[PDB]
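> Experimental structure and its sequence below.
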Amino acid sequence: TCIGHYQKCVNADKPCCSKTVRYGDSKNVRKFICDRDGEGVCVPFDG
């Protein structure tokens, strides 16, 4: 129930997965929002 990355968000609710990698002391969480200002597509965010 979520799109990968850089997809069209003008054909559904707001499907956008997320990539939260790990390692140890440091942690990076990649988010994906739905932007309409551009071409109405879901792109990476956060971090």
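It's in. Numbering: from 1, shown residues only.
> so is the residue most central in space within the chain in a helix, a strand, or just coil?
Among the residues of the chain, the smallest C-alpha distance to the mean C-alpha position (CA atoms, centre = their mean) belongs to residue 32, namely 1.3 Å. Secondary structure, DSSP: H, G, I helix; E, B strand; the rest coil: residue 32 is strand.
> How about it, nearest residue that isn't a chain neighbour?
residue 16 (3.8 Å; CB to CB, 6 or more residues apart in numbering). C-beta: built from backbone N, CA, C; applies to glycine.
> next one: residue 3
According to CB to CB, 6+ apart, the nearest residue to residue 3 is residue 15 (4.5 Å).
> where's the one you found relative to residue 26, distance?
Between residue 15 and residue 26 the distance is 29 Å, computed by CB to CB, to the nearest Å.
> who's more crowded, those two?
More neighbours sit around residue 15 than around the other of residue 15 and residue 26, counting by other CB atoms under 10 Å; the figures are 15 against 7.
> my guess is the more buried one meets residue 8, correct?
No. Residue 15 lies out of contact with residue 8 (CB atoms under 8 Å); the separation is 10.1 Å.
> Overlap of the contact sets of these two?
Shared contacts of residue 15 and residue 8, defined by CB atoms under 8 Å, 6 or more residues apart in numbering, comprise residue 42.
> which residues in this protein form strands?
When secondary structure is read from DSSP state E, the chain shows strands at 7-8, 19-21, 28-35, 41-45.
> What is the last one packed up against?
Judged by 3 or more CB pairs under 8 Å, 6 or more residues apart in numbering; DSSP states H and E, the packing partners of strand 41-45 are strand 7-8, strand 28-35.
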